[PDB]
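**Q** Here is my input, please return the structure:
(one chain, ligands or ions: 2)
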Amino acid sequence: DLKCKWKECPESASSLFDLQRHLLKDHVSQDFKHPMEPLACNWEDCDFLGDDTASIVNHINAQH
Ligand SMILES: [Zn+2]
Ligand SMILES: [Zn+2]
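**A** Residues are numbered from 1 along each chain as shown. Ligands and ions are numbered 1, 2, ... in the order given. Take a look:
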């Protein structure tokens with residue numbers, strides 16, 4: 001049972017995996033066309049930053 005902690009998000013998850021896939025796919029489509037532009041957490045209070053979307057999903061599940 002994963003709960004999206006996004007302020008602008010009114011949707012919840014059924015499993016820890018659900019938010020990861022929901023946040024990764026829904027909150028970050030990812031253009032995959034960036035030469036050198038690392039990804040950063042998109043939380044209001046969080047200042048987490050990662051090299052790739054996968055690095056975030058790992059952080060989101062642990063920190064979010
Ligand atoms: Zn969400
Ligand atoms: Zn974060």
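
**Q** How much space separates the closest residue to residue 42 other than its chain neighbours from ligand 2?
**A** Leaving aside its sequence neighbours, residue 42 sits nearest to residue 27 (Cβ to Cβ, 6 or more residues apart in numbering; 6.0 Å). For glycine as for every other residue, the C-beta is placed from the backbone atoms N, C-alpha and C. According to Cβ to the ion, to the nearest Å, residue 27 stands 11 Å off from ligand 2.

**Q** So residue 44 sits against residue 5, correct?
**A** No. Look at residue 44 against residue 5 with Cβ atoms under 8 Å: they stay out of range, at 9.3 Å.

**Q** Comparing the two, which shows the higher neighbour count?
**A** residue 5 (15 against 9; other Cβ atoms under 10 Å).

**Q** what residues are up against the most far-flung residue of the chain relative to its centre?
**A** Centroid-distance maximum for the chain: residue 35 at 20.6 Å, with Cα atoms, centre = their mean. Contacts for residue 35 (Cβ atoms under 8 Å, 6 or more residues apart in numbering) come out as none.

**Q** Tell me the spacing between it and residue 51.
**A** Separation of residue 35 from residue 51 (Cβ to Cβ, to the nearest Å) stands at 13 Å.

**Q** Then residue 12?
**A** Taking Cβ to Cβ, one finds residue 12 at 29 Å from residue 51.

**Q** Compare these two (neighbour count), which wins?
**A** Neighbour count, other Cβ under 10 Å: between residue 12 and residue 51, residue 12 has more, with 12 against 9.
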